[PDB]
Protein chains: 2
Amino acid sequence: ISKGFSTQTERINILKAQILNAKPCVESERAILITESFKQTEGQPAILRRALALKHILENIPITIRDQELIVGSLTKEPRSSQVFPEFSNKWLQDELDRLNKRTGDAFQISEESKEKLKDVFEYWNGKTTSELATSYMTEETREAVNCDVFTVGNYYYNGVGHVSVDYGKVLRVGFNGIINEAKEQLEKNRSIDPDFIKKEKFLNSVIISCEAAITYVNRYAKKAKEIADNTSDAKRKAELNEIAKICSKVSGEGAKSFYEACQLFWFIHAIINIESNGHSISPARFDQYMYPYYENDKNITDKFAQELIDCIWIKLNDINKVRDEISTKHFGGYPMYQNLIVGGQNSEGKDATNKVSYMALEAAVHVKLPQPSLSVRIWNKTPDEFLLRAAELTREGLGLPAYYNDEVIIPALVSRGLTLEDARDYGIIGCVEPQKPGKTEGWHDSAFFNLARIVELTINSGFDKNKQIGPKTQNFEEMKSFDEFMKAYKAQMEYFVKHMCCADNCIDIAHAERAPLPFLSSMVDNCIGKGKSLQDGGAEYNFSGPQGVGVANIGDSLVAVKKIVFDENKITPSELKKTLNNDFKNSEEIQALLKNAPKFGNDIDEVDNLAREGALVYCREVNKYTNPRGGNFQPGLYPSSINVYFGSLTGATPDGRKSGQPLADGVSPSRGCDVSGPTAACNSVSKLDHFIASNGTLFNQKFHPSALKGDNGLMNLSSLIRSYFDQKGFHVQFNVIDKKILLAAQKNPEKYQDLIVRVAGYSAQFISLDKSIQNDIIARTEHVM
Amino acid sequence: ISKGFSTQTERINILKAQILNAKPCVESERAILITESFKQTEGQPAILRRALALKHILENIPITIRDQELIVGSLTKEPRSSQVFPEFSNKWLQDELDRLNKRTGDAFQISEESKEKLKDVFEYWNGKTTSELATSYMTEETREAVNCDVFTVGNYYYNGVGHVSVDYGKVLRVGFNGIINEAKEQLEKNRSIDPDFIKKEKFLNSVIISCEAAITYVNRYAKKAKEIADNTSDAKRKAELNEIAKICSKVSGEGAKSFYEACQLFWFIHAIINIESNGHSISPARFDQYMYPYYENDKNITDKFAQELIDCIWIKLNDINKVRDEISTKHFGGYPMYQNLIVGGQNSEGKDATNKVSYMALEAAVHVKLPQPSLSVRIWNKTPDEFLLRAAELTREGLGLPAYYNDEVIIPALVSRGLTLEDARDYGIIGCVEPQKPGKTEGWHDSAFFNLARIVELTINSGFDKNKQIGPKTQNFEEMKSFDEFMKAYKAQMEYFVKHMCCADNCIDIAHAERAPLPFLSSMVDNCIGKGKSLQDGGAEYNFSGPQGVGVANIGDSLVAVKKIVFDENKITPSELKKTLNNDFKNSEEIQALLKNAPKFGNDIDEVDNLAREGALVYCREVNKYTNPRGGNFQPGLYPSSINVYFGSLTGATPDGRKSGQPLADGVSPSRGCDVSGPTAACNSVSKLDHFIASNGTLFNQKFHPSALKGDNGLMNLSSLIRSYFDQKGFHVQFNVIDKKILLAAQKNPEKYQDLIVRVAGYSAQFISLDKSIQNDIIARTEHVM
């Protein structure tokens, strides 16, 4: 049955309004502070410079407690804003200072004072960032390949890494004091005359300095609270502020005991990670698993208050923001932080792990209705029916939540990559769809985006592009007599560019280790303290690197068109197709129609579905060949964030009939309007791809007309649709359930739809914050009925 | 028979005068240039910054050709001067700017303009030197131990490492082009997707840039020579300059063919090493072995011209200088560079290797009569009588040359340390007395000086010094009942301080690898190119670290006095001795007499000789426990440069009767005036020490009255003396043969004795350039007769 959802407290409505009414801006406090610290630590090893910088930032960064907050800790004075991280890159900011407020979507405000104060920042960091060192490590040939419009490694180049779920459970138990004591104990075990312990010693002392700074940070809020309380007339709020001061004072260094304490300490851990570095996809992961014990053992708290606290955490997760350069902003549209939080699933012994907090998380999504966190649910053979149905009820709300993940495929895929069965069973999701064992991994889950469609274009043009030979000079398409020769050339182009993408990633990897090893973050991930080395230096138990392929449906549809129309039926010659594509079908609409009418991916047609599979596998097999400086293996993923639109604008006409400059397909979803046989047939098609090899994750989007989810049958049908796709070995699926008229109305009168949330790809966003190009891509997606 | 020596050409007299008439100063060109370069390579890996800096320096450093020179290449405009190396340290220079010319010995001039230009240098390098990073890596306990007046690790802390004999022979054969080609071949062999090759690729390309810069440097002299030739009227000199231009143009990339070419290329290799870094002890080593082939195959050169060219090399070796801070200057007095050049010995087959150049080297020492190079000879069982007698003839000249080394102990000692028998047989000496296989070693042969006498002082005072517990709190001397308890405490004090000295050395080791890896030097030492790693990063086939113990005779004489006077005969109680030493024998000359009359080292008395041996072994055994960051073992040495005087000034009264502040003994030589049984008895005593374990070398000084070497009998006696010491496993021996009246006269009227040369310890120096304290220590040494 459909029970519906409860109503959130007025407090939640007030806090939510603070987020939406905010005017996202760029603040300079952090930038000024890290610059000041580095100027004083020139003769110190990088790890200590990082620890002392975090200390200086945490001791002097402005503190803020917003009205009516129960959970405190704000990274910026203005809500939903961003600090600056000049240690990674900053010249892009220097260039865009005067046009940040002129953007359509993802606009940021910045004061004249901030622009002025940043001048010295740009001056000091010149040549001292991770981005600049990364480029120096790259060969000239790699630099050229990086700038050929085939792939981008900008994510970890311009900003921090992130993409990790730390051991939140451990810190909640032992507190910052517990971590410090573990570091001190290791220091004693390491007492030795062996030279190798010299650097380990510096790392362990850097962890101590960092955690001591965290304790100081929390204490500043404890003092701030009392200060505000003493100046508060309202007895109720005054009592609240005094309780906050009390909780902050305890969890400043000690572990949590009660649920309120666990919630507040959780946020401080999460918040401070975001102060040390701006890598995104800092994912809470299995929140329901590590938070439940505190809820269950709290014999005084009521469910209503426990739920209100969770709602507050949901709101806080929407307070964090991150400014990016104008190009990268096209890759990550809608002020996204990608903080994935997942509930449900099984435990290490293979038994169901659903609990009370699992359901409270689902409830919170409806109470708050904001883009973050990226709520997800794990599904397996023994998922309780009531759990899946409750998730279905949430999907009916039209927030794009929750994302569904398949334990049956993910667990085996992870064990295949080296995780123990116990660790694989305890997986959580990073960012959009990247799985990992929390607290034991440095996965680099979004190290790059690779345009698969461009490889098809370069195959047809023999590596020649814009009157320049950017790729290998493979066999001239005009001379090919078989589809086999085509696939060989395709593989040759793929091989060349994947090689340089992975090499570029490795250079950026080395740069982060050399200039930005992270003491605080590393202390909360296994073996780092025990090994006496940072995450950047390979301290994690598990190490990977994960680059994404974009354009799967376009490749399958293009490959089958080439094979059928050109080589099998000989309707047109290779020369004719090459010329038609290079002219964007000008005066050859009859040829384009032939291509458009060829079999399309997403209709359960094996002929094309198997080519989408093989086309993607060529990319995946190349990625698997590489290893990173941390001794880990590269693993491919197939998701696009919002880059399918941008990549499309840089891609010429393709054999599937798509015109030049048009968006590519998102994730492994069928191309727009191509899936005309119903959602089940579409699911069947997508399930044919190899979701096991793409262990960094694959993303499948489906959009339903609201009528499809109506009533109990609607929930039953969605549930059946999901189970069938997962039984067929699909990796992930998520759904948009909205009235198309509402999206169109939002474009015309944004002001009237500030709270409208929509699913982009692996994350949801405030529709009006998205660039029109992305809004239109979402509106153009196929709309299904059950 | 005494052959006598030939007379050098007038040209040699003119060139020699340029050295002696020069006014040693500090120039700023190099410092300004390296600063310019580093400011432009901030985003480059350290190895490339080093290669690009060398390139900038070599392309823009002033070039100078001195009048009448046949071999060209000057590091400074003024002869016998020094450039500045701010990358290692510079604040000491900033502090001493106005008192460098107020020094008595080792004085340096510096223009007001240079002082002005260095202001920006000091500003830029603040916190960016190797010295500052080294301190950061040291623990607080180590920093304190380093400043307790027990040992010093300043050599590699304030300046470059050096202490190496590169593969001169290889470069003479293949030229800089050959080295570049080898790096390019390795680059091709390394083509791979493995991330580990990224850093190797940068190293190899740095070698290429560095060697290409070397070629450019040589071509600059080629052009300069021709320019000077065009403004030279004298036909003879004009032809000389045109020949120089011709030779430089060839060896500017190609290997040498003629002897003149080999001599010029040799100097360029040596000179450029001294531009990249200022570590001293850059030693030519077996010059006679790699230069002889070019002499023998040169069918046109006359012996007189070949000799004149060698004489020119000798003078060029005296043109290089290095300014050091006030304190360090006390450790290395007399403008020393310690460039050891050795001749004679056996080859890898175990056959004698004496040749014509071996003899021309001995002749050159008499033709030039300057402090450099530090000429040495190898002696073994089958050394030709003619060779040893010729070396004896040179000793009679009274220049302190040559130093004699014993193959019979050195070869086994080296194999014991890991060298193959073939490599050990091909050893050369580094600096003062440190053996190594040239072209395959990174030995850090003078990483520290350790005051052994202070350990005795601290044993008596239970680690308490200057009202502070600086060492371990060992058993109170007053409560000791046996000499065994004393020796146990002695070992405990030794253990503590040696541990921190080696740890401090390792921190400096890491700092050099992190901030000053050397591309040029590394290219000429084996496995570096093949391994794709610098010398600082462990690329050498053989790796070691070598700290020196100072005060051997003082320890032996002190230990036997404690054992006999206190514990054996009970003449005085431990308390009485402790009090008298702390009072520097004030009002207790009867007790000092007792100590002075105890058996002394150097008289062939086993009771004391065995304690000098055991005392030194306690130090040696502690040093052997350590390893460096390059995977090599520490090996002890027993030599003092000129630091025995300075160390003595920091040491209180000792049990041997020596008063507070007096100089300590030099190397393993007996204390002044203590060896009263003749030189043979002295040699017998010294031979009882373990010269095999002290593989970093031991130094033995003896001084004879001129009458002792008179006539053929004198030479025969000196020869017999040396062979007897070596047959007993002595490591090295050298002799001063001069009239004491001459030394005293030189102190009263310096300008009258500008060309007077004297042996200090492992090196000879212009007597008048030495501080009076060092002059007096030399004058006070025991004077023997056969």
Side-chain angles (χ1 to χ4, degrees), chain A residues 38-49 124-140 142 187 191-199 201-202 205 495 498-500 502-507 509-511 513-515 545 622 625-632 634, chain B residues 38-49 52 124-140 142 187 191-199 201-202 205 495 498-500 502-507 509-511 514-515 545 622 625-632 634:
Chain A
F38 265 62
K39 284 182 178 177
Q40 296 302 303
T41 61
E42 300 281 2
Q44 211 72 226
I47 190 71
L48 220 43
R49 286 234 267 177
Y124 175 75
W125 295 93
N126 180 50
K128 307 174 186 171
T129 63
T130 54
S131 67
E132 297 166 283
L133 177 60
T135 290
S136 297
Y137 271 121
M138 294 180 206
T139 64
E140 188 50 59
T142 291
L187 223 38
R191 63 175 184 178
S192 169
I193 55 171
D194 190 323
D196 285 317
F197 291 96
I198 292 175
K199 287 180 183 179
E201 183 266 84
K202 297 315 173 190
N205 277 302
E495 173 180 53
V498 171
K499 185 218 299 181
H500 288 292
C502 291
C503 292
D505 266 340
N506 285 338
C507 290
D509 208 320
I510 290 171
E514 191 169 324
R515 292 184 175 183
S545 285
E622 290 307 316
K625 293 170 177 182
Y626 305 84
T627 61
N628 60 47
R630 289 166 282 109
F634 273 68
Chain B
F38 264 59
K39 283 180 177 174
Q40 299 302 310
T41 59
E42 215 67 58
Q44 213 66 249
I47 193 72
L48 275 172
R49 297 186 80 187
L52 295 172
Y124 175 75
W125 293 93
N126 178 54
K128 306 168 187 170
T129 63
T130 53
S131 67
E132 294 162 288
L133 177 62
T135 292
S136 293
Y137 272 125
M138 291 180 211
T139 66
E140 189 55 58
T142 294
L187 227 29
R191 64 177 192 175
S192 162
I193 58 171
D194 190 322
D196 287 324
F197 289 105
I198 293 172
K199 285 182 180 182
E201 179 271 85
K202 297 312 174 186
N205 276 115
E495 188 286 316
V498 170
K499 183 211 298 181
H500 287 293
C502 293
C503 289
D505 264 344
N506 287 336
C507 289
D509 211 319
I510 296 174
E514 196 172 316
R515 294 183 172 187
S545 285
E622 287 309 314
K625 296 174 177 180
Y626 306 83
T627 61
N628 59 46
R630 288 167 284 112
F634 272 67

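Side chains are part of it too, since the values below use all heavy atoms of this structure and drop only hydrogens, waters and symmetry mates. In what follows, every chain begins at residue 1, and chains take the letters A, B, ... in the order their sequences are listed.
- With a 4.5 angstrom heavy-atom cutoff, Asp509(A) does not touch chain B via any of its atoms.
- Closest of all the heavy-atom pairs between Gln44(A) and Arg515(B) is O-NH2, 4.2 Å.
- Counting all heavy atoms, side chain and backbone alike, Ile198(A) lies closest to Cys507(B) at CD1-SG, 4.0 Å.
- Residue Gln40(A) does not touch chain B at all, counting heavy-atom pairs closer than 4.5 Å.
- Across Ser136(A) and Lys202(B), no two heavy atoms sit closer than the pair O-NZ, 3.2 Å.
- At least one side-chain heavy atom of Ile193(B) sits under 4.5 Å from a side-chain heavy atom of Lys499(A).
- Within the 4.5 angstrom heavy-atom criterion, no atom of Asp196(A) approaches chain B.
- With a 4.5 angstrom heavy-atom cutoff, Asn205(B) does not touch chain A via any of its atoms.
- Residues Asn506(A) and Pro195(B) approach most closely at ND2-CG, 3.4 Å, considering heavy atoms.
- Other residues, nucleotides and ligands place more than 12 heavy atoms under 6.0 Å from the NZ atom of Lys128(B).
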